[PDB]
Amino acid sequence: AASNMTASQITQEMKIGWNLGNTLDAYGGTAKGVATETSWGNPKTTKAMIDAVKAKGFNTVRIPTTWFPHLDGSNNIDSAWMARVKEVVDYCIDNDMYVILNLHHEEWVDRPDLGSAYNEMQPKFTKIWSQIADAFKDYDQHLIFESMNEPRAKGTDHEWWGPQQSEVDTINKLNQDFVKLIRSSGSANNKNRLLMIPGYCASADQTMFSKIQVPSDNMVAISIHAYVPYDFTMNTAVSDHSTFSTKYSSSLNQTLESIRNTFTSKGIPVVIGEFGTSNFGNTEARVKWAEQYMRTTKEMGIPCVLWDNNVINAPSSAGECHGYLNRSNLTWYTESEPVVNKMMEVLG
């Protein structure tokens, strides 16, 4: 039997990741059951799609999963939904890849009353994680659990900046509950599993990530979303995205160095679980952004997980064109493939 890997060994082997976006995270339609998977316009996921992700050079898949539509009144997870999640996990694990499984667009997490909601949330949160930990109890350390996605006071004047202390407290307490629960599982795989925990809104700004309470656990990583700098990567209020100018290079460097200062220079593992740029017909600028981003994070030892929602064109939402793999025909979208190629070049 192989012995257990450390957090540092795991983050090194993860290398670079790919998110199965707008898929098991989709919600809100008239679709019920496993049919939620296709409700935002993507095809049913196949192993051939994951095979193509591995072939391009990725070694991690994040599977964002929205669970609340698949719960009964007692918070039991529908058995056909759990089986489908496991089927998709296996497409990746069977390819010798790492997998990150989370709770994603939960309407009982992303909520304006987050700062008062701990006692309502705690029993539901623990019952859900207990079921996931048991369903995957015999999976080795290639499988990583992530407590929550972007917990925040949704709809308020502080959804993305400047949280209340009550909201910081709710998130910190639930993260401690999660780590304690996983380590109390009877499975040795769960006792040794790498776990990821976010701060308020998964922020990449030090004012918020410096308020994260780090559990006293040597197999935990901090998760950050870093679509930075936002005015370049996605902001549709900014007209021109054609150039990765010096000011944007300065902004990116400042953000990444703040993560090194708070976390990695102090021995705390970090995973950037979502990053990316939208396709504004600005491929060369996105390539220059990717070269700097990957050169910096490679030296910091931070694995980065690209957001891929299979959308290459969206005239009414031009900031959400995050497609790289054309899932229908197993080719890579021509406008965005050079961005991935630069990432693999740097990491080689």
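One rule holds for the numbers: they count along the sequence shown, beginning at 1.
The PDB entry records a higher mean C-alpha B factor for 262 to 270 than for its counterpart among 132 to 140 and 262 to 270. Checked against the record, the higher mean CA B factor of 184 to 192 and 92 to 100 lies with 184 to 192.
Per the deposited coordinates, the residue with the largest Cα temperature factor out of 287, 49, 294, 35 is 35. Each of 278, 149, 170, 75 has a CA temperature factor in the record; the biggest one is found at 75.
Residue 177: CA B factor lies in the middle third for its chain, per the PDB record. Among the modelled residues of its chain, residue 317 has a C-alpha B-factor that falls in the highest third according to the deposited record.
When the CA B factors of the chain's modelled residues are split into thirds, the value for residue 346 lands in the middle one. Split the chain's modelled residues into thirds by C-alpha temperature factor. Residue 67 is in the lowest one. The entry lists a Cα temperature factor for residue 331 that places it in the highest third of the chain's modelled residues.
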